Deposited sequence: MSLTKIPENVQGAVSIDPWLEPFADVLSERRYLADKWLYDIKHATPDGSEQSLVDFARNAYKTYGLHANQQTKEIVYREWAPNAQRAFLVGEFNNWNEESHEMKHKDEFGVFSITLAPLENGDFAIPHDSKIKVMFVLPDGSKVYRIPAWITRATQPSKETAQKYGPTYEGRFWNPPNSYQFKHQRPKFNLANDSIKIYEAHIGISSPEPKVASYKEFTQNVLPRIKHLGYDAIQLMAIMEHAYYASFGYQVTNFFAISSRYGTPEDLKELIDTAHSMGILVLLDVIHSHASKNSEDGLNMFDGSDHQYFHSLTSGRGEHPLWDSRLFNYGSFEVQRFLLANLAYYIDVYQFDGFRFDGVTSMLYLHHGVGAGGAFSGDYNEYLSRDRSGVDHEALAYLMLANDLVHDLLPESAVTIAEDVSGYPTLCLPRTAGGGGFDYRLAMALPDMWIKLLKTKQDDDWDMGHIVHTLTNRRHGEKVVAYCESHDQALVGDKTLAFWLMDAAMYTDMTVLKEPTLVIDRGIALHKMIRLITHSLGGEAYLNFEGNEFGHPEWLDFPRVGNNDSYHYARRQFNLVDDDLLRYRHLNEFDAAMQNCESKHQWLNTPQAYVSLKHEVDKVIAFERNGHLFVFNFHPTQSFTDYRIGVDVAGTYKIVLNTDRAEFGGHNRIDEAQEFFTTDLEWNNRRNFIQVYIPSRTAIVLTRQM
């Protein structure tokens, strides 16, 4: 007779999905842990008075690491290392002198500090971009050498250096004479109302050449392509420094250093700034789920102990079962300061507009996706608080959570994780399952509609038909599933396409469009797939003799108007710009009027627009009836059969579609449409 009491701090989530009722208590405990940490953080002040979460994170990156005073020419450096007995700044600037620059002051927090005077010259004491290390003397007298944990630049060693000492990266004191000044405002963007169509890019592969392409080359050659496509946002992977290129950015060594293989910090500021000038948001892949096991150039054993940034190896919670990486102890206050300031640093110093948090499934569960980890989840809650506080109403957080953990994308005040979006990581496999195991006359329209619309209430989803995982080695893209290893000879416009190529081109546009229109509240496209990029992605590694042959993007294919790759690309641009002109993404779910299993026709309304798909492998339809609620005149605003998109130009896009007042498919009116086999159209009503 115990009255089931839903604690007020999860009242919002339980209202949104009453399924959460029997878990209300555990949900309440999860949020309460984070809210108490939030109180803790907001009172980490000298006098114990309240400070904002933003000020806490900003003060952190402003006072940790190294900082050149441009008007007094002094340089301050602070480093957290409680297990070290002594700390010394060393490098080129003092000929690696292990006695002249002791960090003599060790905090009650366990932070060492040192202030370097200007040289008699008046110059900075550490030359711009010279190499440095921090040396720790441990209580047993031994020494260890580390790249400062908040260094803003770390560089691969030279051939001469790597032969003598090894592949360890080298810390750089970045203090350029003229730091880049941002010129452009952030694009107008409201998270609650505006759609976000996201282009997932990687600087290093963004050129047809087998090299690590630069930030400057992305800015000059790839940005204009992304504006032409009409995406609202770019999701920059593999920016956080990582020694191992083939890790695709997921083995982070230096959390406050943008990767130097593509260029300098000022090169990346320019990239984001000009994207902003182009109206494009820029988001950062943030890997706070784990860290590389590197010592000296990473955080492993940073201060000599095994319980500083990470849970200890003996604790059982210190290393990942598969990734060979160390797991953060989120319960440590300095680790919380380290990660939260890392977020404020990327938003403020590089003017990113949001983040995708990778490895969220690994964080959420004590088994890391092969029992929720309240500490890891509570840090993500804090992380969402800070990010949304840094850019109110516009900031974007996206979660890579394969588990679909309920409430991850409900607001914090409701009792949720605070994530704006989760990735629809299940969608790509649905398309693979069809192409691999089912012939076209077997496609269950109902199962397609079900999978695409199976979304938790309140938890907005970034839909995509394939992602950077699918493009990687070990898997096949949709292009490869559809058209195999098509050459430039198979893809020429000056010859009618084979049955395989004709079917591949059409399905490739259609799969994207129904994912785009029915599968979520946002859209994502991995660099290259928008024009059916051939082959696959692969980074240099021992397994392929360090080949860069697949570590590239053949953007040249889009530019050849005698190849069909341009057809796929131009449809993609027309898809994004149509949605931009006629919003359907960040809107309530479609009202699906039709999912015909014999005709293989799917039809639905979303935000007033009409979406019709004929997936039949062979059967065209004339005067096919489509139920429409709002009566009026309808005109096609997107047509996959258009010749410029590689279709056969059978549908008349100038036709006026007048509704008639007869009930059809539980809709008050109907229109009649011409939809040939393997074509799709989108209609809007005229005002």
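For this chain, the deposited residues without C-alpha positions form one stretch, 371-389.
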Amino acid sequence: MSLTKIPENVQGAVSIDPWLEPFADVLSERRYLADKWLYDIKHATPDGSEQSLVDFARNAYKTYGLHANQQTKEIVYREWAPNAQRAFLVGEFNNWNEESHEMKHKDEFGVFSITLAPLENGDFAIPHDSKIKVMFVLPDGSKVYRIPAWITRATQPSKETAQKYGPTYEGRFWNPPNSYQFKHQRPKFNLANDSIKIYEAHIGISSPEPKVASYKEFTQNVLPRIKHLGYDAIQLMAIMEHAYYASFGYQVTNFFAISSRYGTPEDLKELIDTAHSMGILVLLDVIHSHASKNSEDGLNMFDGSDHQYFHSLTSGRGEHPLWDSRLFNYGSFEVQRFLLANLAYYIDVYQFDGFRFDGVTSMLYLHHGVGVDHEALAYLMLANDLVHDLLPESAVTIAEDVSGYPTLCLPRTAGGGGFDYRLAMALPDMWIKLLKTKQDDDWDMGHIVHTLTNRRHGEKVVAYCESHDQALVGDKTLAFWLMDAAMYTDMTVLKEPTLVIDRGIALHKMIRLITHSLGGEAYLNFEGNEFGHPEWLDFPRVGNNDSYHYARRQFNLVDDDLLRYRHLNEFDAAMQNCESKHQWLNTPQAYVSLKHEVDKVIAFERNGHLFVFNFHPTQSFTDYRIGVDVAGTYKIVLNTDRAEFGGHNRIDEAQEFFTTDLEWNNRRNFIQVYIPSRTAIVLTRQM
From here on, numbers count along this sequence of modelled residues.
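Taking the PDB entry as given, 624-632 carries the higher mean Cα B factor of the two stretches 25-33 and 624-632. The mean Cα B-factor in the deposited entry runs higher for 430-438 than for the other of 596-604 and 430-438. You'll see in the entry that, of 587, 253, 158, 300, the Cα B factor peaks at 158. Across 571, 323, 526, 345, the greatest Cα temperature factor reported in the deposited entry is at 323. In this PDB entry, residue 153 carries a Cα temperature factor that places it within the lowest third of its chain's modelled residues. In the deposited entry, the Cα temperature factor of residue 66 sits in the bottom third of values across the chain's modelled residues. Sorting the modelled residues of the chain by their CA temperature factor places residue 310 in the lowest third. Ranked within its chain, residue 401 lands in the middle third, by CA B factor from the PDB record. Remark: residue 497 belongs to the highest third of its chain, ranked by C-alpha B-factor as recorded.
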